[PDB]
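J.: For the sequence shown, the positions run 1 to 728, 733 to 819 when mature numbering (1 follows the signal peptide of the UniProt record, and there is no 0) is used.
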Amino acid sequence: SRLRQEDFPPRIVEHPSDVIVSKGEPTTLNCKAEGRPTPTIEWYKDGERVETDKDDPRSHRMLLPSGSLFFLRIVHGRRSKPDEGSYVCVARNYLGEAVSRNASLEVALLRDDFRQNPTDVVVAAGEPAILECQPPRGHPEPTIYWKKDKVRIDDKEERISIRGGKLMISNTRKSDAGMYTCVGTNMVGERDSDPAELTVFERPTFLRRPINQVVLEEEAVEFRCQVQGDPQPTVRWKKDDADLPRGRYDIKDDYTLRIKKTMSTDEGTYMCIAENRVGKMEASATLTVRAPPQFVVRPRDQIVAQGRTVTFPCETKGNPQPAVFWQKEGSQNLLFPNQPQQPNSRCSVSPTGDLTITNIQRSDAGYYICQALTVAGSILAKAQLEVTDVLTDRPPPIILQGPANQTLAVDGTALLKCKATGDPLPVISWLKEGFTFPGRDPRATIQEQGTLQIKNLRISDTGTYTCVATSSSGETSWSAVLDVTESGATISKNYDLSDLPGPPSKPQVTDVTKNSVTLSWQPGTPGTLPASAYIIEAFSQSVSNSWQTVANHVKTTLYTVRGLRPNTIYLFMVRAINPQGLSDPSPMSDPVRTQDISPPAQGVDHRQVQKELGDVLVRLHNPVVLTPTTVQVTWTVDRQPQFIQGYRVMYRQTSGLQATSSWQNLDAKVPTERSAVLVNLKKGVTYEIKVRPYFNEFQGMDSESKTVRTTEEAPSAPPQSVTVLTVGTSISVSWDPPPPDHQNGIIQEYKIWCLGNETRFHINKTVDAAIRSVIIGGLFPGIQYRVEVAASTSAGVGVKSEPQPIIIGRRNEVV
Ligand SMILES: *[C@@H]1O[C@H](CO)[C@@H](O[C@@H]2O[C@H](CO)[C@@H](O[C@@H]3O[C@H](CO[C@H]4O[C@H](CO)[C@@H](O)[C@H](O)[C@@H]4O)[C@@H](O)[C@H](O[C@H]4O[C@H](CO)[C@@H](O)[C@H](O)[C@@H]4O)[C@@H]3O)[C@H](O)[C@H]2NC(C)=O)[C@H](O)[C@H]1NC(C)=O
Ligand SMILES: *[C@@H]1O[C@H](CO)[C@@H](O[C@@H]2O[C@H](CO)[C@@H](O)[C@H](O)[C@H]2NC(C)=O)[C@H](O)[C@H]1NC(C)=O
Numbered sequence: 001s002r003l004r005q006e007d008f009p010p011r012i013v014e015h016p017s018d019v020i021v022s023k024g025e026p027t028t029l030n031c032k033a034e035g036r037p038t039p040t041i042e043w044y045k046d047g048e049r050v051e052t053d054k055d056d057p058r059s060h061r062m063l064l065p066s067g068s069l070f071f072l073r074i075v076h077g078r079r080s081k082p083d084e085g086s087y088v089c090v091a092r093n094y095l096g097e098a099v100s101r102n103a104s105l106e107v108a109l110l111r112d113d114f115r116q117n118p119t120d121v122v123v124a125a126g127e128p129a130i131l132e133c134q135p136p137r138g139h140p141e142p143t144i145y146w147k148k149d150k151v152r153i154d155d156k157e158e159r160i161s162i163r164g165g166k167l168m169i170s171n172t173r174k175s176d177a178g179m180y181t182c183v184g185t186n187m188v189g190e191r192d193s194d195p196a197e198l199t200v201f202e203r204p205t206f207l208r209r210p211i212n213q214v215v216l217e218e219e220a221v222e223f224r225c226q227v228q229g230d231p232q233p234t235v236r237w238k239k240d241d242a243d244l245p246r247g248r249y250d251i252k253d254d255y256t257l258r259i260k261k262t263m264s265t266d267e268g269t270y271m272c273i274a275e276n277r278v279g280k281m282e283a284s285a286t287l288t289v290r291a292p293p294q295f296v297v298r299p300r301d302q303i304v305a306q307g308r309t310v311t312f313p314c315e316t317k318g319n320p321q322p323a324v325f326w327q328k329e330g331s332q333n334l335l336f337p338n339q340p341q342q343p344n345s346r347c348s349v350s351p352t353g354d355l356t357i358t359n360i361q362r363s364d365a366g367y368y369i370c371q372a373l374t375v376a377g378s379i380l381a382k383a384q385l386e387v388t389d390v391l392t393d394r395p396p397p398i399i400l401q402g403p404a405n406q407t408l409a410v411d412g413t414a415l416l417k418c419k420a421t422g423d424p425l426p427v428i429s430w431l432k433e434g435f436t437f438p439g440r441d442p443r444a445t446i447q448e449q450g451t452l453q454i455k456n457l458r459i460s461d462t463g464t465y466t467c468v469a470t471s472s473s474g475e476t477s478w479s480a481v482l483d484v485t486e487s488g489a490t491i492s493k494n495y496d497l498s499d500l501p502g503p504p505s506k507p508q509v510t511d512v513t514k515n516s517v518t519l520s521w522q523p524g525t526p527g528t529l530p531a532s533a534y535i536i537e538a539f540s541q542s543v544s545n546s547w548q549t550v551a552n553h554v555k556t557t558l559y560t561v562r563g564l565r566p567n568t569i570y571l572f573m574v575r576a577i578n579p580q581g582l583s584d585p586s587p588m589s590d591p592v593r594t595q596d597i598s599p600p601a602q603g604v605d606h607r608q609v610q611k612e613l614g615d616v617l618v619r620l621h622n623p624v625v626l627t628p629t630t631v632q633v634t635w636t637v638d639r640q641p642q643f644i645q646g647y648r649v650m651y652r653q654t655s656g657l658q659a660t661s662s663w664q665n666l667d668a669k670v671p672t673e674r675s676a677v678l679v680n681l682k683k684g685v686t687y688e689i690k691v692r693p694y695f696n697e698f699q700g701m702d703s704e705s706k707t708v709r710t711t712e713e714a715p716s717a718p719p720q721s722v723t724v725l726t727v728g733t734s735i736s737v738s739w740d741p742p743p744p745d746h747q748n749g750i751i752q753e754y755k756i757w758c759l760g761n762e763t764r765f766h767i768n769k770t771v772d773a774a775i776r777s778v779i780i781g782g783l784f785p786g787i788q789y790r791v792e793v794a795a796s797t798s799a800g801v802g803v804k805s806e807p808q809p810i811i812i813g814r815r816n817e818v819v
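#1: Should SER161 be listed as close to ligand 2, given that the test is whether its C-beta is under 7 Å from any heavy atom?
#2: Under 8 Å between C-beta atoms, does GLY527 make it to chain C?
#3: Mapping DSSP to helix, strand and coil, what is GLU282?
#4: Could you check what DSSP says for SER264 in three-state terms: helix, strand or coil?
#5: Fully enclosed by the region 194-230, which beta strand (DSSP E) runs are 3 residues long or longer?
#6: Quick check: the region 76-83 against the region 94-103, are at least 3 beta-carbon pairs closer than 8 Å?
#7: With DSSP as the reference, label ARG607 as helix, strand or coil.
#8: Residues in the same chain with beta-carbon distance under 7 Å from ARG562, minus the five sequence neighbours each way, listed in chain order, please.
#9: If you pair each beta-carbon of the region 340-347 with each one of the region 420-434, do three or more pairs fall below 8 Å?
#10: Could you check the C-alpha separation between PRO26 and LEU105 for me, to the nearest Å?
#11: Is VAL214 buried or exposed, if buried means 16 or more other CB atoms sit within 10 Å of its CB?
#12: Which residue or residues does DSSP assign as beta-bridge partners of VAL554?
#13: Under the criterion of a Cβ to heavy atom distance below 7 Å, does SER86 qualify as lining ligand 2?
#14: Give the DSSP-derived three-state secondary structure of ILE735 in the structure shown.
#15: Measuring CB to CB, does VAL227 end up less than 8 Å from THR205?
#16: May I ask you to report which of helix, strand or coil DSSP gives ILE459?
#17: Please look up how many angstroms separate the CB atoms of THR172 and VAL123, rounded, as I've assumed it's under 8 Å.
#18: How many Å lie between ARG458 and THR407 at the Cα?
#19: Using a threshold of 7 Å, is the CB atom of residue 731 nearer than that to any non-hydrogen atom of ligand 1?
#20: Applying the 10 Å Cβ sphere with the 16-neighbour rule, what's the burial state of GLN788?
#21: Would you identify the three-state DSSP class for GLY614, choosing helix, strand or coil?
#22: With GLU42 as the anchor, note down where its beta strand (DSSP E) starts and where it stops.
#23: If you pair each beta-carbon of the region 229-239 with each one of the region 270-279, do three or more pairs fall below 8 Å?
#24: Can you tell me which of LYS150, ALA125, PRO142 puts its alpha carbon nearest to the alpha carbon of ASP112?
#25: So what does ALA372 bridge to, in DSSP terms?
#26: With C-beta atoms as the reference, is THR636 less than 8 Å away from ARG648?
#27: Does DSSP classify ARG298 as helix, strand or coil?
#28: Mind checking whether the beta-carbon of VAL304 lies closer than 7 Å to any heavy atom of ligand 1?
#29: Comparing C-alpha positions only, which one of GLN548, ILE812, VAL107 sits nearest to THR476?
#30: According to DSSP, is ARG79 part of a helix, a strand, or is it coil?
#31: Counting Cβ pairs closer than 8 Å, one from the region 678-697 and one from the region 638-646, do we hit at least three?
#32: Between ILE810 and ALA773, what straight-line distance do the alpha-carbon atoms span, to the nearest angstrom?
#33: Ignore the nearest five residues each way along the sequence and tell me which others in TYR145's own chain have a CB closer than 6 Å to its CB.
#34: By DSSP, does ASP176 sit in helix, in strand, or in coil?
#35: With a threshold of 7 Å (Cβ to nearest heavy atom), would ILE536 be considered close to ligand 1?
#36: For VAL574, count neighbouring Cβ atoms within 10 angstroms of its own Cβ and tell me buried if that reaches 16, exposed if not.
Spelled out as C-alpha cells, the structure:
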C-alpha cells in the first residue's frame, strides 16, 4: 500500500500453453508476468493451489526465477494423478491480480491392440501388393512405419511408397517375400503389429524344353519337358492343339512323353503345357515320321494282243506319300499322272499310279518301269509288255472228246467218236496200234465228224485206236482201247451223249517264275456224276508242236505246275476227272512267259536329283506383252536333265493396290515347254517374273527376275457427282474418288470442259491427279455453261461423266 504513479497491476506476457507429456519425464509450464512491485506468481490446477518446493522441500515441482512451473519428473498413477489437470499461473501485487489462460497437462498414452492389423497378402511377381495398417489409439496420435523381417524399410523408392496406413511395393520379386510388421510410435514408445506375410508366386518357367525329333516308323520316341514355378505347375500334353489319341503315348512321372510304336499318323506338333495359379505357358516341338517308299501293288508282265488296252498297276505307300512316275527302258522321257498330253498319244497315268496304253501297237512292246521317289528313299519295278499280231502263232488243234474204251461183241458194227476244233480247221486221221488206218481193210472207214466206223466186227480188230487231228498249226492225238470178244458186250455203261461234266473256268494265272506257273479255275458241273480231280494240258510254240499233260490227278483248284522251260510262253487247259470218263477242255489260258519277276529295286537317290535340278540354269529372255491382260513369257534351259517334271513360273504385282505381296503361281506341266501366256492380269501394272524348274514335291533354283509392265489403257468409268458452290459468279467442280478397276491405270490428270451456252467459247483447264476440287477462272458473265469432268491416264483421252447445266448469275453474286 505504497502509492506511486509508477506502480502498475500485473500483466502476464507469456501465457502457458497446453502440453501433452510423458510420465517420469521433465516439463516446464511457461509463465512470465510484469508488475510494479514485481508480482508473486502461484499456480492453480482445476481449483486448488499448486504446492511448489517452497511450500515443502520434499515436493517435485519447482517455481523458476522466471515464474515457469518446472516439474522434474511428471508423476502419474491409476488412482492418484497429481500432475494431470488444468493449470493457470496467477501473478499478484497490492494493486491487483492477473489469472492466465487455461493450460492442461495430459499424460502420454499408447495402447497395445492395433486399430487394424496388417493382413496376409498373396501376389504374382511383377504385380503390385498393398499392405495396410492402423496403429492403436494414442495421445498424441501415433504414426506408423514398416519392418521386413525385423528390419526397417525405407520409402526411398518409386516402387515402395508409404502413404497413410498403406504400404505398397510394385514389380514384386521373391526378395520381397517374408514377415511384415507395422510399428506404431509415439513419444510413449512403439508397439509392433501382428506379422503379415507376403508370398510372391511366379508363373511357370521351362527348365528343359522339348526338342524337335525326326524318326522312322514303328520306332519309339520321347519328348522331355521339365518345368519350374510357384506353386509347382502341372504339366499336360497336346498334339496339334488336340488331346493325344489314346494308344501308344505314355506319360512318365518325370513328365517325359513316350510314343512306343511310331506311325505315319503320329506325326505332328506336340506341345507341353505348364499351369499353376498364376496362369499357363506352352512350348512345342515337332515329330516327323520317315516311311521309305514301298509298293502296295507293283506291275507284272503282260502278253497282250494288238489293238486292245493294257493296264499296269503301280500303287505306292510311304511318308511322304510317294509320287509315281513311269519310264520305258531305253527312253529318256518320263510320264506323270495328272499331266495331260495331246489326244494323239495312248500312254496315260492314273492319279493312283496305274499306266494305261490303249490300242496297242507292235511299237509299244518292251519293258516299262514305275518309280517312286521321296526324301525317305526311292524304289522302282519293271515289267515287260509283249504285243502279238493277227496270228504271230496260232494254238495247235484241240480234241474236245476222243473215242472211249468201247467193248463190243463179234460180228457187230463198231463206231468210235472224236470231236475236234481249231484254226485252221483240222484233218482227222487214224492209227491202229501205231500204223496207218484203215490201211488195207475195206470193212473199216474214217468218218468226217470224227467218228471211225467198222462194219462186221472180228477178234482181229481188237486193239488201241488213235484219233489224230492235224492242221498247219500243229497236231494232237487221242487214243482208246477197243475189245472184241464173242459174248462180251456186257451192259456196264452204254454209250454216253452229253452226260459228261461240262468244261471248267478258263484258267487264271497267279504267280509265275522261271520253272513254275500257278493256275486258278472254278468247276463247271453241267453234267452227271461228281468230279474227283483235274488234269492240266499245256502248250508251247518252242518246246512242242502239240498239247501235253503237265499235271494229272490234282485235288485242288489252285495248283502250281512245276518244272517248265524258262523264257518260254505257255498256254493251258483244264479238265475234270470223274468215273464216267473225262470232261471237255476249259478255254485256253492267257499267254504267259516263264521269267522270274524283277524284284523291287532302289531308284536314283533324292539327293542326286536335287543336285541335278539345282544345277539347271533357266535363262529368261524378257516378258512380251500381248494385250493389257496378257503377257507371253519365254525362257531357255542350259541343259535339261532326266529328272524334271516341268517349269513353275511365278509372278507378283509391284504396282498400286497390294504391291510386293504374294506370288501368283501357275506352272507348265510339260518339261519340253519353253513358253507360257499369263491370264486375267491388270493393265498398266508392273509385274516381276521368275521361272523355276520343278520335279515333284521337289523344286529347283529360280531364274534371273524380269520386271515388265502392261501397256496402258484409258479408264472405262470416270468420277461422278458434280457439286457447285455459290460465290459470295464462277462455277465450281467437285467429285468423289472413281472406281479402282475402272481406273484402267495410274491416274494422270483431270480435264474440265465448258462447252455451254457459248458454242464458240470452250474453257479448258488441265490439272493433275492429286487434285480433288478446283474453281474455274475466266467465265463469261450470265451465260449458262456445262461441266464434264474426265478421268485420264497415260493413254490420253479419258471418259466424260455426269453433265451439269447449272444456272449462273451476274457479277459478284448469283441472281
Ligand atoms: C480207257 O482205258 C485206260 C487204259 O487203262 C484207262 O486209263 C487209266 O486210268 C487210270 C486212272 O486211275 C490210270 O492208272 C492209275 O492212276 C493212279 C492214280 O490214282 C488217282 O486216281 C484216282 C481216280 O481219279 C483218284 O480218285 C485217286 O485219289 C488217285 O489220286 C495211280 O495210283 C496208278 O498208276 C500206277 O502206274 C504204274 C503201274 O502201271 C506204277 O508205276 C505207278 O507207281 C502207279 O501205281 C493207277 O494204276 C492209268 O494210268 C490209265 N491207263 C493208262 C496207262 O493209260 C481209262 O479206263 C480209260 N481212259 C482214260 C484216259 O482214263
Ligand atoms: C478455462 O477453463 C474453462 C474450463 O474449466 C473454460 O471453459 C469455460 O467454462 C466457463 C465456466 O467455468 C464458461 O463461463 C465459459 O463459457 C467457458 N469458456 C469458453 C468461452 O469456451 C474456459 O476456457 C476458461 N475459463 C475461464 C477462466 O473463464
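Backbone N, C-alpha and C define an ideal beta-carbon position, used for all residues, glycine too.
T.: Reading it off the structure:
#1: Mapped onto the sequence shown, residue 161 falls at position 161. No, ligand 2 has no heavy atom inside 7 Å of this Cβ.
#2: Annotation note: the requested chain C is absent from the structure, which comprises a single protein chain.
#3: Within the sequence shown, residue 282 is the residue found at index 282, counting from 1. DSSP places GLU282 in strand when its eight states are reduced to three.
#4: By 1-based counting over the sequence shown, the position of residue 264 is 264. DSSP places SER264 in helix when its eight states are reduced to three.
#5: 196-208, 213-216, 221-223, 226-230
#6: no
#7: Looking up residue 607 in the sequence shown gives position 607. Three-state result, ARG607: helix.
#8: The residue you call residue 562 lines up with position 562 of the sequence shown. The residues are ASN515, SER516.
#9: no
#10: Reading the sequence shown from its first residue, position 26 is the one you call residue 26. Reading the sequence shown from its first residue, position 105 is the one you call residue 105. Each residue's Cα considered, the two are about 12 Å apart.
#11: Counted from its first residue, the sequence shown places residue 214 at position 214. Exposed is the call here.
#12: Taking the first residue of the sequence shown as position 1, residue 554 is located at position 554. According to DSSP, which records beta bridges pairwise, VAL554 is partnered with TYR534.
#13: On the sequence shown, position 86 is the one that residue 86 refers to. Flag set: Cβ of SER86 near ligand 2.
#14: As a first step, residue 735 must be located in the sequence shown, where it is residue number 731. Coil, per DSSP.
#15: Position 227 of the sequence shown, counted from the start, is the residue given in the question as residue 227. Position 205 of the sequence shown, counted from the start, is the residue given in the question as residue 205. Closer than 8 Å, so yes.
#16: In the sequence shown, the residue the question calls residue 459 occupies position 459. Helix.
#17: Your numbering for residue 172 matches position 172 in the sequence shown. Your numbering for residue 123 matches position 123 in the sequence shown. Indeed they touch by this definition, with Cβ atoms about 5 Å apart.
#18: Position 458 of the sequence shown, counting from 1, holds the residue named residue 458. Position 407 of the sequence shown, counting from 1, holds the residue named residue 407. Straight-line Cα distance between these residues: approximately 12 Å.
#19: Not modelled: residue 731, which lies between 728 and 733, the two residues flanking a gap in the chain.
#20: Within the sequence shown, the letter at position 784 stands for residue 788. Its Cβ having fewer than 16 others within 10 Å, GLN788 is exposed.
#21: In the sequence shown, the residue the question calls residue 614 occupies position 614. Correct three-state label for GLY614: helix.
#22: Here residue 42 is taken as the residue at index 42 of the sequence shown, counted from 1. Residues 40-45.
#23: yes
#24: For the purposes of this step, residue 112 is taken as the residue at position 112 of the sequence shown. The residue with the shortest Cα to Cα distance from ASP112 is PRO142.
#25: Sequence index remark: in the sequence shown, residue 372 carries index 372 (1-based). DSSP lists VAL324, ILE379 as partners of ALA372.
#26: The count along the sequence shown starts at 1 and reaches residue 636 at position 636. The count along the sequence shown starts at 1 and reaches residue 648 at position 648. Contact: no.
#27: Along the sequence shown, read from residue 1 onward, the residue named residue 298 stands at position 298. Coil at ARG298, not helix or strand.
#28: Locating residue 304 in the sequence shown gives position 304, counting from the first residue. Checking every heavy atom of ligand 1 against the Cβ of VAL304, none is found closer than 7 Å.
#29: As a first step, residue 476 must be located in the sequence shown, where it is residue number 476. Cα-wise, what sits closest to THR476 is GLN548.
#30: For the purposes of this step, residue 79 is taken as the residue at position 79 of the sequence shown. Reduced to three states, the DSSP call for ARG79 is coil.
#31: yes
#32: Position 806 of the sequence shown, counted from the first residue, corresponds to residue 810. Position 769 of the sequence shown, counted from the first residue, corresponds to residue 773. Approximately 25 Å between the Cα atoms of the pair.
#33: Taking the sequence shown and counting its residues from 1, the one referred to as residue 145 is at position 145. Contacts found: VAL183.
#34: Numbered from its first residue, the sequence shown carries residue 176 at position 176. Residue state, collapsed to three classes: helix.
#35: For the purposes of this step, residue 536 is identified with residue 536 of the sequence shown, where counting begins at 1. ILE536: no, Cβ never under 7 Å from ligand 1.
#36: Against the sequence shown, residue 574 aligns to sequence position 574. That one is buried.
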